[PDB]
Amino acid sequence: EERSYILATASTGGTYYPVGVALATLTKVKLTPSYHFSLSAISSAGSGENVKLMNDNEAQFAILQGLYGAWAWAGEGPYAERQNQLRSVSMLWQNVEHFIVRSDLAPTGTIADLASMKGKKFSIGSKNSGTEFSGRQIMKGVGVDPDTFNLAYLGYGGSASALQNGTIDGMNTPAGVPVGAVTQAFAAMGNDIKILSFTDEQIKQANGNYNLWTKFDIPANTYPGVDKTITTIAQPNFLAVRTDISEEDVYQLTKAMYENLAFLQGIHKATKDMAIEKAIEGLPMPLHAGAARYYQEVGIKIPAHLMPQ
């Protein structure tokens with residue numbers, strides 16, 4: 001009968017889970033009666049578990065952080081070989097990098113200023129979180145060894161409070177814009193702190209061999225007292241699917257997402273990031289054939305490296 005697919009997300013207290021629920025709901029309300037498949041969201045420990053669940057067919061779809069997808073496709077990071085059972089479908093929202101430091105420690109204003117801050121207290125994120133891993137990945141790319149800082153491993157709220165109390169000099173807090181912890185820090189500290197920017201050369205450095213982070217301009221007036229645009233980088237949180245899932249089902253799913261963006265956005269605001277012209281930006285692994293069919297149908301040019309394989 002009905003093909004009841006499982007969609008893996010992350011903890012029920014974060015953003016992966018409710019965005020996943022929103023996709024699942026879209027399929028059950030708009031697709032199951034006519035097309036006879038559904039997605040149902042399950043919680044998980046996050047991207048690393050999600051790759052294992054997909055590989056074992058306990059899940060057929062998952063929300064993945066871009067970097068985990070890059071590692072999976074390259075056979076790098078925690079992987080020793082390419083994870084060839086995984087393909088991409090769509091960006092769902094953008095993880096925007098926020099490397100924030102005391103302003104008097106930023107002689108250029110750019111991410112290279114982390115190097116002037118060795119030996120100082122810096123919160124790289126929760127231990128073993130996606131945030132720790134993306135912070136380490138970016139810093140290594142711009143040539144700064146994270147372990148030459150005095151690293152603290154604080155969450156988003158803990159980092160903001162430590163910055164406000166003066167017990168750390170910078171923090172790494174990436175997420176969908178606006179990031180609550182960054183709002184709190186600027187609200188309390190104003191322009192005593194600074195979001196570090198990324199030049200075009202630093203964007204290339206952050207990516208290394210990957211095509212994952214792209215230029216992202218934080219709009220003026222996003223954060224208290226920051227009345228100017230800021231150029232940083234962002235990577236996608238994206239929907240992944242097993243290669244053996246029906247092309248027709250993946251096509252109908254991709255089409256329904258882009259024909260019902262307001263439906264998704266009314267369930268969870270993170271999907272306000274979605275747009276047909278941003279659908280494939282920074283995806284770290286090639287598209288499933290069914291998703292590519294939809295994108296070409298509506299006139300999207302797919303880069304060679306994302307064409308189905």
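Residues numbered from 1 in each chain as written, not as in the entry; some residues may be left out. Heavy atoms only, no water. Residues with missing side-chain atoms left out of burial classes, pairs and counts.

For the bond running from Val177 to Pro178, omega is 0°, close enough to zero to count as cis. Here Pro178 is to be found in the loop between strand 8 (170-172) and helix 6 (180-189). (Helix = DSSP H or I, 4+ residues; strand = E, 2+ residues; numbered from the N terminus.)

A few words on the side chain of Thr9. Within the element layout of this structure, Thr9 appears in the loop between strand 1 (3-8) and helix 1 (16-35). At 2.8 Å, the side chain of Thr9 forms a polar contact with the backbone oxygen of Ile42. Not counting residues up to four positions away in its chain, the partners in contact with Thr9 are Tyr16, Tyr17, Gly20, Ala41, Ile42, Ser43, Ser44, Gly46, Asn50 and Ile63. (Polar contact = N/O pair within 3.5 Å; in protein donor to acceptor, adjacent residues only side chain to side chain. Contact = heavy atoms within 4.5 Å.)

Moving on, we get to the domain arrangement of the protein chain. Here the protein chain is partitioned into domain 1 (3-94 + 237-306) and domain 2 (98-197). Put simply, the middle of domain 1 and the middle of domain 2, counted by C-alpha atoms, are 29 Å apart. Every contact between the two is made by six residues of domain 1 and, on the other side, six residues of domain 2. Here domain 1 packs against domain 2, burying approximately 430 Å² in sum over the two surfaces, 59% of which is carbon and sulfur. At the junction of domain 1 and domain 2, the tally comes to zero salt bridges. Put simply, domain 1 and domain 2 have zero residue pairs in polar contact between them. Listed by contribution, the elements that provide at least two residues to the side of domain 1 that touches domain 2 are helix 3 (66-74) and strand 4 (86-96). Top element by residues in the side of domain 1 that touches domain 2 is helix 3. It accounts for three residues. Considered class by class, the residues forming the side of domain 1 that touches domain 2 number four nonpolar, two polar and no charged. (Domains from an automatic or database assignment. Buried area = accessible area lost by both parts, 1.4 Å probe. Salt bridge = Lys/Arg side-chain N within 4 Å of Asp/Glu carboxyl O. Nonpolar A, V, L, I, M, F, W, Y, C, P; charged D, E, K, R; others polar.)

Here we come to the packing of helix 3 against helix 4 (residues 130-141). Angle between the axes and distance between the axes: these two values describe a pair of packed helices. The interhelical angle for the contact between helix 3 and helix 4, taken along N-to-C directions, is 70°, at an axis separation of 10 Å. Classified by the angle their axes make, helix 3 and helix 4 are roughly perpendicular. Contacts from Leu67, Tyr68 and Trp71 in helix 3 reach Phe133, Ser134 and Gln137 in helix 4. When grouped by side-chain class, the residues that make up the contact of helix 3 with helix 4 number four nonpolar, two polar and no charged. (Axes fitted to C-alpha atoms, helices over the stretch in contact; angles between N-to-C directions. Parallel < 35°, antiparallel > 145°, perpendicular 65-115°, else oblique.)

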